[PDB]
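> let me give you the complex in parts, starting here:
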Amino acid sequence: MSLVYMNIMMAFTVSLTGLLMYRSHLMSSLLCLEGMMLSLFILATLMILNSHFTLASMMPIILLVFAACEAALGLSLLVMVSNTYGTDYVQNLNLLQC
Amino acid sequence: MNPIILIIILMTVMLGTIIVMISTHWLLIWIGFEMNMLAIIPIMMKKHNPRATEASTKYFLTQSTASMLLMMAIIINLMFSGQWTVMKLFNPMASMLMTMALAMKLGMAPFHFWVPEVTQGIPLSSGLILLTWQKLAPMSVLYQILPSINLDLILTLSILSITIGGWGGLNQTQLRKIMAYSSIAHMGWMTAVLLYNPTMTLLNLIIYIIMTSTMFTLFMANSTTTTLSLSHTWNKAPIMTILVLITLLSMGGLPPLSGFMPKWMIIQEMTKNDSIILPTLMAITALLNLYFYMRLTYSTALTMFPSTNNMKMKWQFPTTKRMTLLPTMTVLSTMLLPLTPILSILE
Amino acid sequence: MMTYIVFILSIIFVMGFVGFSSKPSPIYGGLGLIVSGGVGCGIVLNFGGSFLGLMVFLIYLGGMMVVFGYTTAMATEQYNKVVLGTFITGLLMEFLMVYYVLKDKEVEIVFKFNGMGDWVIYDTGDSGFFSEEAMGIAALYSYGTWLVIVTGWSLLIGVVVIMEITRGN
Amino acid sequence: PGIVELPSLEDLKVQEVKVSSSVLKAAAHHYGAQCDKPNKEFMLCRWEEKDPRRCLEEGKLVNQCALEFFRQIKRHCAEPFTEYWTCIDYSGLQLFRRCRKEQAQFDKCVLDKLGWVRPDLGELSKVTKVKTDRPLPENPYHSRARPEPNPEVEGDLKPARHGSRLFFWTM
Amino acid sequence: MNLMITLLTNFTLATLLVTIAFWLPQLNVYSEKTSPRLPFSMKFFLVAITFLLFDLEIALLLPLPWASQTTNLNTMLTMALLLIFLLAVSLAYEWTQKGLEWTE
Amino acid sequence: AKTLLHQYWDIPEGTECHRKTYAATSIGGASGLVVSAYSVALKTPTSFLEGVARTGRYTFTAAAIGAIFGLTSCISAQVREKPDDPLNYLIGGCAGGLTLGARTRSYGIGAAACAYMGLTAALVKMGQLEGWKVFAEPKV
Amino acid sequence: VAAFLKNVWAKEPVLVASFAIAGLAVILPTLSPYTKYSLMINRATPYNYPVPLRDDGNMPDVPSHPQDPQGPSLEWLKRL
Amino acid sequence: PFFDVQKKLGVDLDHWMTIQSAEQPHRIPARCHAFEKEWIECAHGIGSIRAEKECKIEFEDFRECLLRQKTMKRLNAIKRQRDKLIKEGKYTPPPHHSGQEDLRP
C-alpha cells in the first residue's frame, strides 16, 4: 500500500512503546497517549481523504473531541495525584500492592 | 456526591454500555467505551482518598491504552475493508489488536495487572460496577467479532486468565482482590468457549454477574472488606454467614449449585469440538479458585473466629442498609441448576 | 524530490515521535509533540484536508497541548543516557526503514508498502464548487444527528465529571 | 485478467474548442440554450454507459455543435462578445454581476441577429428528458451471476421432540 | 508552495531578528557581572479544563456556516441550537456548583 | 516460534541426534528468553549486569533442559529401537527433570521435575501419536 | 411574574438579554413566514449536474429543453 | 449482545456512515463506489461463511481498488524497466512523455 501509512503506523508504535515504558512521570505517559491519538487522527484522515468517502470526514473530529475530553480527564487525575503526593511520579502510586 | 449527579452519571455509564451493545458502526462502539470510562471515573473517586485516585489513575491508563488500540484496529479495518460495520474484521492484525484491546478492557491475563489494584482501591459498590457491568460491553464486541478472532490467541488468553486468577487469590486476605482474581479466572472461562458456542459465554456471564453481585451485596450488607473483618459476621448476623457459604460454594463450581452450570456447559460444548485436554486443564485449575473460596468459608461460616466486646452494642441495631435484591440474587446464584435448560433463551 | 513531500513530512513525524517518546522531560516532550503535530498537520494538508489540518492547529495544538503545557508548568518543577540512547535507536531503525524502502521500492515491516511517493494514489477528477471533506463535515448536523447527541452529551458529562473529581470533597 | 481495450489515437482526434474559460463562461447560457440536445444525449450516454469509451461519438457531436455555436457567434456578434468576455476575463472570480452592460450589449445583439434568448433563472438546472436511439445498457456494472441465497424456513412450528434433550431434563 | 515560501520567509526573518537581538549586544564586551514545588491553584486548572471542553464544543460548532447550506434545515437548526444549548448548560452547571469562583 | 516446533517435530525419532538436540535446545532457549523477559519485566534487577546474569541463567537453564531432553530421548530411541514410543520421552523428561535439579542446586526439585516433566513429555508424545488437540479448531 | 422580571432586569441585565435573545432564537423560526423560503432556496441550488432521463414516451411533466414551460421554476425567487 | 434496537424501532442511528455506497451529501461518489456496491450486492443475505468463498472475486477487486497494491506494483515494474532501459541506453522517452507536446484541449 501507500508508503506514508507505514510511517504513521510506526509513529503509533513508537508512541505505544513510549506509553508502554514509563520513565518517571505521568505527564510523559499522557503525552505518549495523545501522540497515539494524533497518529490515529492523521491515519484516519489520510484513509478518508484517500477514498473520497464523504460522510466519514466528520469522524476524525469526533475522535479528536472524545479523546481530548479523555485527555482532560487524565489531566484531572494527574492533578489529583500531584496534589496528593507532591509530584506526578508514578512510583508514588504504589499503595495498591497491599 | 450529589444524588442527582450520581443518577445522571450512572445513566451515562449505562448509556455507554448500551451504545456499545446496540450500534452497528465502529466509531459508535469506540464512543460507547469512551462514554463508559469517562462516566465511571467519578464512581471510583466517590470517597476521595489517595487509594481511589491511584486506582482511578491506573484504570484510566489501562482503559485509555485499550481504547487507542481499539481505534487502531478500527482504522486498519477501514484500510483493509473500506467500511465500518460492526461484524467480523477483515485483517488478522486488526483482529489481534482488537482482541488485545478487549482483553485489556476486561482485564484478562496477562493484561490482568490492573484488576486487583483498582478493585482494592475503590469502594464495594464501584467495585461491583467494575466487575459486573463493565464486562458487558467488551463481551458484546467479542460476540460480534468472533468469525475473525484468532483461536490460538483467545485460548492462550483464556488459559492464562484461568491460571493467574487461580493462583492470585491463594495469597489474599482482602476481599476485593479475591473478587478481582475470581473475575480474571471467570473471564478466562467465558472467552475459552467463545469461538465454540457464545451462548455458553452469555450463560457464564449472566451466572457470574449474579454470583458476584450476590457477594458484593453481602460485603456491603456486612461492611466487611477483609477476611478477618468478614470473620465477625457470625456474631452479628448469622444468616449472612450461611449466604456467603452457599454463594462461595456456588462460585467454586460445586454441584448441585448453579455455579457448576456455566463451567459444566462449557466443558459440554468444548468436548463436542474434540478438545479434551483444554477443558480438563480448565476444570483442574478451577480447584485453586475453590481453594481460596474454601479458605473464606472456613474463616467465616464453618468456624467461629473470636469477636470483640464492642459487638454487643451492634447486637442492639438492625441492618438499615438497602439490601437490594439480595434474597433474589442469593436464590438465583445457588438453586438454579434444576432450571439449567433455560440457557436456550440466550440462543 | 518535491513529489515525495508527504513522505518527507511523515519521516519528520516519526522522528518527532521518537523524540518525545524518549521522554527527556514532559516540557520537551510537549514541545516534541507540538512539532510532530505541526508536521502531521502538514501531512493532512497535503492530501486536501484543509479544515482537518486547521482542526489540528486550532483544537489539538490550539487547546489541548496548551492545557498540557499549562498543567506541566503547574504540576512539575521547571525542568540523559537512556533518553538519548533510545532516541538514536529509534532514529537508526527509522533511517534503516527509509534506506530499505528507497533501495528496493518495496518493504514489509508488518504489511507490504510501496516505495514510490504517495502522489500515485490520488484521484484524477474534480469536486466542483465544493470540497468533499467540507461538505462531509457540514453533514454532521443534517445526517449526523445521533452522533451530535452522544458527543454533546459526553462533553456535558465531561464538564460534570471534572467538576466532581477535582473538588476533593 | 483481461486486456483493457482502449480506442486508437485516430478515434480521439477531433477539432478542439481552443478558447479560454472566460470565453466559455461568457456565452455559457446561450451554449446551454442552443446546444441542449447533443449535450444531453452525451451526458445521458455518459451516466448510463458509465464508460467514456462508449461515449466517443456523442462527445464528437458535442464538440461539433460547440464549434458551430462559436462560429455562429463569430460571424454576427464577434465584437460585443469580445467586449463581454474581456470584462468577464478581468475579474479573478469572473463575476457575472460585474459586467451587466456588456452582457446587455451581447444579449441585445444576439437576440436581434441570431434570435437566441438567454435562459431565465432556474432553466438550465432543470432535469430534462432525452430521446435516444441507442439501447438501454443491460448490465453497465458488468455484474456477474449473483450467489443463490440460503433457503428460508417454512412449515408449522411443531414442539421439541422430548423436550430440551439436555442429558436428563425431560422437558 | 507560495505559502511554504512565505512561512519559511517569516521564520527566517524571525530567526534573523532573534540572532541580531542576541549577538549584536554581545559585540560590545561589557563588564563581567559577578556580584551576587510551586504553589498550586485548582482554579487555574479548572479554567484551563473549562477552556478545553468549551473549545471542543467550539470544534463541534465550527462547520455551522457550511451546515446552513443543507437541505435538512429542520434537523440542522435543531442540532445547531442543541449544541449551543449544551454549551450554555455546561456554562450554567459550571456556574451553579461554584466552578467560576475567584477567577469568575 | 512455531517454525521452531515445526523443525523439531518433523524429524523422525532416533535418526538425526545433533539436529534434534539443537532444535530442542533452541525451543528451550526461546522459552527461557520469554521467562527471562517477563522476569526482568515484572521485577526490576539491581543493575544491568545482574539483569543480563538472570537472563543468561534462565536461558541456559531452559536450554540445558531442552538439550538433555532431546539428547536423552534420541539416544533412548536409538538403544531401544522404538521410535513411536512414549517411554523414550518419559526417560527424556526425567533427564530434563534431573537437569533442572542440577541447575536449581536441589535434589527434591529434581525428583519432582523428573516425575512431572516425564509424565508431561509422555502426554505430549501420546498427543503426537493419537492426534490430541489442545487448541482444537471449532467444528460444531 | 412582572415584579420578578423587573427585579432580574434591574439586577442582572446581561443574563436577561441572554435568555431573551436565546428565546427568540428558539421560538421565532417556527413563526416566521420566510422559514419555508430558506428550504426552497437551499434545495433549488444546483450543486450537481441535472442528469436527464431517457424519454420513454410518457413523461409530460419533464421538459425536453430548459426553455420549455413545464418543469420546476424559480419565478418565486426572482420575485419574492 | 447485539441488541438491534435500530431495526426494532426503525431508527437510522448509524447505518448512514457505515459504508461508502450509502447516501452521501450532494451525491458525491467514493473512489470505490461501484466495487463496494458489487461486493455488497454479492454478499447480501448469504452469510459470512458463504461470502468468504463465493464473493472472493468482488472482494479482491474491491480491496485492490482501495489499496491499489497490484496497480502500484505494475507501475513499479513499468517504471523500473524504463529506468533500466535508460541506464542501458536502449530507450529514449517520447516527446509526449517529456513535456514538449502542447497538451490536448
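Received the coordinates, thanks. Numbering: from 1, shown residues only, chains lettered A, B, ... in the order given.
> drop to CA atoms for contacts and neighbour counts, all remaining ones
Will do.
> and the residue of chain H closest to chain G?
Ranked by Cα to the nearest Cα, the top residue of chain H for proximity to chain G is residue H:26, at 6.9 Å.
> and for that residue, the neighbour number?
As a burial measure, the neighbour count of residue H:26 was computed by other Cα atoms under 10 Å in any protein chain shown and equals 16.
> what sits against it?
For residue H:26, the residues meeting the contact criterion (Cα atoms under 8 Å, 6 or more residues apart in numbering or on different chains) are G:47-48.
> and what about it, helix, strand or coil?
What DSSP: H, G, I helix; E, B strand; the rest coil gives for residue H:26 is helix.
> name the SS class of the residue in chain C positioned nearest to chain G, please.
Here the residue of chain C nearest chain G is residue C:129; by Cα to the nearest Cα that distance is 7.2 Å. Classification of residue C:129 into helix, strand or coil gives coil, according to three-state DSSP.
> how much space separates residue G:47 from chain A?
With distances defined as Cα to the nearest Cα, to the nearest Å, the gap from residue G:47 to chain A amounts to 15 Å.
> which positions in chain G make contact with chain H?
Contact residues, chain G versus chain H (Cα under 8 Å from any Cα of the partner chain): G:47-48.
> ditto for chain C
By the criterion of Cα under 8 Å from any Cα, the positions of chain C lying close to chain H are C:105, C:114, C:116, C:120-121, C:123, C:132, C:135-136, C:139, C:143, C:145-146.
> kindly reformat these as JSON lines containing distance to residue B:90 and neighbour count.
Converted to JSON lines, the residues of chain C next to chain H look like this (distance: Cα to Cα, whole Å; neighbours: other Cα atoms under 10 Å in any protein chain shown):
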{"residue": "C:105", "distance to residue B:90": "26", "neighbour count": "17"}
{"residue": "C:114", "distance to residue B:90": "21", "neighbour count": "24"}
{"residue": "C:116", "distance to residue B:90": "26", "neighbour count": "21"}
{"residue": "C:120", "distance to residue B:90": "25", "neighbour count": "13"}
{"residue": "C:121", "distance to residue B:90": "22", "neighbour count": "17"}
{"residue": "C:123", "distance to residue B:90": "25", "neighbour count": "11"}
{"residue": "C:132", "distance to residue B:90": "27", "neighbour count": "26"}
{"residue": "C:135", "distance to residue B:90": "29", "neighbour count": "23"}
{"residue": "C:136", "distance to residue B:90": "25", "neighbour count": "27"}
{"residue": "C:139", "distance to residue B:90": "28", "neighbour count": "27"}
{"residue": "C:143", "distance to residue B:90": "27", "neighbour count": "25"}
{"residue": "C:145", "distance to residue B:90": "28", "neighbour count": "19"}
{"residue": "C:146", "distance to residue B:90": "27", "neighbour count": "16"}
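> then chain I, please:
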Amino acid sequence: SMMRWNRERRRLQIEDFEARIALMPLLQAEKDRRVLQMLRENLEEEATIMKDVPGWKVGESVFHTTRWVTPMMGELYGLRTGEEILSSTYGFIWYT
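If we add chain I to the chains shown above, we get the following:
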C-alpha cells in the same frame, strides 16, 4: 440589508452554477478524450518498453471485472516528467 443582499447573492450563485451546468458536457467530453489519450500513450509505451520482460501481458487490467475503472494518478502521470506530476498532483492544494 443582509436579507436583500444574501437573496441576491443566492440568485447570483444559481446563475454561476447554471453556467457551470451548461459548460460541463463539453468539459466532460474533453476530460474523456484527455484520459483516453493519456492511457493510449501509456499503453503504446508499455508495449515498446516491456518486451525484454518474460511473461508480461501489456495492458493486463489488474481488476477481474471488465468494467471501466477510473484511471489513477499514477496510471496517467506515471511515465511523465515530475513537473507535470507536481502540477497535476499538488497544483490545486499548493495554489496560493
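> sketch out the strands for chain C, chain order is fine.
The residue ranges that make up the strands of chain C, judged by DSSP state E, are C:106-108, C:112-114.
> nearest to residue A:23, of those strands?
The closest of these to residue A:23 is strand C:106-108. By Cα to Cα, the value is 30.9 Å.
> re earlier: right, so of the strands of chain C, which gets closest to chain E?
By Cα to the nearest Cα (comparing all of the strands of chain C), the closest turns out to be strand C:112-114, at 25.5 Å.
> does chain A sit close to that closest one?
Yes: on the criterion Cα under 8 Å from any Cα, strand C:112-114 is in touch with chain A at C:112-114.
> between those residues, which is nearest chain F?
The closest of the residues of strand C:112-114 next to chain A to chain F turns out to be residue C:112 (Cα to the nearest Cα; 21.8 Å).
> that closest one contacts residue A:5, correct?
No: applying Cα atoms under 8 Å as the test, residue C:112 and residue A:5 come out as separate, 10.3 Å apart.
> between the two, who's got more neighbours?
When residue C:112 and residue A:5 are compared on other Cα under 10 Å, the one with more neighbours turns out to be residue A:5, at 22 against 14.
> what does the helix or strand hosting the more buried one rub up against?
Under the criterion of DSSP states H and E, residue A:5 resides in helix A:3-19. The contact list for helix A:3-19, computed with Cα under 8 Å, 6+ apart, reads A:28-30, A:32-33, A:35-36, A:39-40, A:42-43, C:6-7, C:10-11, C:13-14, C:17-18, C:21-23, C:113-118.
> mind listing which of those residues are in helices?
Using DSSP state H, A:28-30, A:32-33, A:35-36, A:39-40, A:42-43, C:6-7, C:10-11, C:13-14, C:17-18, C:21 are the members of the contacts of helix A:3-19 that sit in helices.
> buried residues in stretch E:54-61?
Residues of stretch E:54-61 classed as buried under the neighbour-count rule (16 or more other Cα atoms under 10 Å in any protein chain shown) are E:54-57, E:59-61.
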